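In what follows, a structure is listed as structure tokens, so that the remarks can point back to it.
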Amino acid sequence: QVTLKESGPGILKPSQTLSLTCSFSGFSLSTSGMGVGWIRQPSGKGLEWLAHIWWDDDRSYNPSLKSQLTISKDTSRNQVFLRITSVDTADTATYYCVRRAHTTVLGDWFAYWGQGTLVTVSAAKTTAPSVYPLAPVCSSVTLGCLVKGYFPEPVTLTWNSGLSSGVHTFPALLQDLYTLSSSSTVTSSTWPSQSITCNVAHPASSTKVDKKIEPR
Amino acid sequence: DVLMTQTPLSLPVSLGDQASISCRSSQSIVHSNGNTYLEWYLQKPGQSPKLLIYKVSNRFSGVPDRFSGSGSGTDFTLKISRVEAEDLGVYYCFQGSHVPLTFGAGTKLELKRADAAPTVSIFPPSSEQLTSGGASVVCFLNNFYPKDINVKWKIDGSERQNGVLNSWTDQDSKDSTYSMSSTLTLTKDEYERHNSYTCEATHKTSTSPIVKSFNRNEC
Amino acid sequence: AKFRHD
């Protein structure tokens, strides 16, 4: 069975150096024809190839990033490394470790992919969310919650209403900080009579808020 | 770079239906050795890409015979004879002959359902937000089909572009619809300089935009 | 340049 595990620092500041390690098994990079390389994918974006290193230390780099990139190996330890100097927020991505051979027998293709490692590049400090209850403007009613200006991810947002509700919680996005929103749609008889609470947890800032939506 | 152009980038289909995706390259992807390293990958959410097809037309392991590839030079196609539930995801073509190795932008193979108009809800800034000097207006546009929607923010009648952030969900697992949230963020002073706030959406389900609005003075 | 293939 062939395995590939990426490891990295998780969060990194702009201008500092990214160092990535791939640790593999079920094959050796001393096998002539064999190579290991790297592909990245920004959240919700396409795949971009970075570099490939061969059994004999020949490499290819993505030429648009060549001044930033250095690929290396340790065949004895079953490891391959990638260094990206002076990163910026656009270098935020899931980084995949991939095997590829240059002979038919050994598999000339991207068949084996690691599960990938998320690297976030940000100057932000740990910041607790501002949680804002969104009340309807003056047979089913829609309520909302706005979770604004937090770092790092994740936030968990759950609703406490009072029998048949539809929840839409939207993927976070950057504003050096994150913002998320969520809607709940309940029956008319449910509100205002009985309370409805937006529940937000941001573990990194020790944040656990239960926000009641107060009618207008 | 060798540009890999996929057509379309969003392909709705019914189950049982045929599908096909085009891939055209900037240059020939024939290697010096005479082979054509055109590959096709499928990526599902949370998971890494999986190999489907190598060297233009060859099915990889575990790939059912409903899948096929064809083409030569700069023009390629992947086909699925009958689409099944497991086939839904992001398909990428890929060239591996020239440096750098390049993927196309990705093609979302998505589900078809009956048209559904959005449910639109507008929310004024919270008392909480105003207290701390900020003013966001939020618009939820929920459970629509198809995914194409035109959202516009209007303040005192006129369109507003700056300070808008949008978030979209993936196709809903339960009802196959799409949802969208839009937030317009102003300073508190800017917010109190204006009275009429509108979230306006156009969707193929009507010829007239869905209009939701409030008046700051009436809150 | 082109990628390595035998």
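For the reader, a short list of remarks on this structure follows.
- Cβ distances below 4.7 Å define possible disulfide partners, and in chain A the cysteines left without one are A:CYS138.
- Inter-part distance where segment B:1-39 and segment A:28-51 are each reduced to a Cα centre, Å: 20
- Absence of a disulfide-compatible partner, taken as no other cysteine beta carbon within less than 4.7 angstrom, is noted in chain B for B:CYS219.
- Scattering curve values for segment A:1-85, log₁₀ I(q)/I(0), Debye with Cα scatterers, q = 0.12, 0.14, 0.17, 0.26 Å⁻¹: -0.37, -0.50, -0.74, -1.43
- Amide H contacts under 5 Å for A:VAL87, placed H, 5+ residues apart: A:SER15, A:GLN16, A:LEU18
- Normalised contact order of segment B:115-214, rounded percent, pairs of Cα under 8 Å and 6 or more residues apart: 33
- If you take the alpha carbon atoms of the protein assembly as shown and fit the smallest convex hull around them, that volume is 171 Å³ per residue.
- Its residue count N fixes a reference of 2.2 N^0.38 Å for segment A:124-215, and the Cα radius of gyration divided by that reference is 1.10.
- Residue-wise HN-Hα couplings along segment B:198-204, as the Karplus relation 6.51 cos²θ - 1.76 cosθ + 1.60 with θ = phi - 60° gives them from phi, are 9, 9, 10, 10, 10, 9, 4 Hz; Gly and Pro carry x.
- Each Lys and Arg Cβ is given +1 and each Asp and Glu Cβ -1; about its Cα centre, segment B:115-214 then shows a dipole of about 120 debye.
- Annotation: the residues B:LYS154, A:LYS208, sorted from fewest to most other C-beta atoms within 10 Å of their own C-beta, follow the order A:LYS208, B:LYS154.
- Gap separating the Cα centres of segment B:154-219 and segment A:57-71, nearest whole Å: 45
- Cα convex hull of chain B, projected area averaged across orientations, nm²: 15.8
- Positive end of the dipole of the protein assembly as shown (Cβ unit charges, origin at the Cα centre): among A:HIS168, A:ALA90, A:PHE110, the Cα lying farthest that way belongs to A:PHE110.
- Assigned charges on the beta-carbon of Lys, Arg, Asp, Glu; segment B:1-113 dipole about Cα centre (debye): 140
- Sites A:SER64 and A:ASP210, calculated FRET efficiency, Cβ-Cβ separation with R0 60 Å, nearest 0.05: 0.80
- Loop-resident sites, segment A:74-113, for chymotrypsin sites (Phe, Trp or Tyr not before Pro), counting at most 11 other Cβ within 10 Å (DSSP): none
- Stokes-Einstein diffusion of segment B:62-182 at 25 °C, 0.890 mPa s viscosity, Kirkwood radius from Cα pairs, rounded to a whole number: 132 µm²/s.
- Cα-based radius of gyration of segment B:1-113 once divided by 2.2 N^0.38 Å, which approximates compact folds: 1.01
- Distant-in-sequence amide H partners of A:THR92 (H built 1.01 Å from N, under 5 Å): A:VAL121
- C-alpha center-to-center spacing [segment A:173-216, segment A:100-147] in angstrom: 20
- Cα-Cα separations in segment B:115-214 greater than 24 Å, expressed as whole percent: 24
- Global geometry of segment A:95-158, whether rounded, prolate or oblate, following the gyration tensor of its Cα atoms and the 1.5 cut on a/c: oblate
- Distances between placed amide hydrogens fall under 5 Å for B:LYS55 paired with B:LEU38, all partners being 5 or more residues away or on another chain.
- Sorted by Cβ neighbour density within 10 Å, fewest at the top, the residues B:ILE122, B:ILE210: B:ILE210, B:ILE122
- Eligible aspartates and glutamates near B:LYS212 by straight Cα distance, threshold 20 Å, same-chain separation 8 or greater: B:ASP148, B:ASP156, B:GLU159, B:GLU192, B:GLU200
- Shape analysis of segment B:137-195 places it in the prolate category; the axes a ≥ b ≥ c from the Cα gyration tensor give an a/c of at least 1.5, with a/b above b/c.
- Each distinct pair of alpha carbons in chain A adds a 1/r term; the inverse of their mean, the Kirkwood radius, is 20.2 Å.
- Cross-link pairs beyond the 29 Å C-alpha cut-off, checked among A:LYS5/A:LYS45; B:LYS50/B:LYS112; B:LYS50/B:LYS147; A:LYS5/A:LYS148: A:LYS5/A:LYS148
In this analysis, Cβ positions are derived from the backbone assuming ideal geometry, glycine residues included, and neighbour counts consider all displayed protein chains. We did not get these values from a lab; they are worked out from the coordinates using the rules stated.
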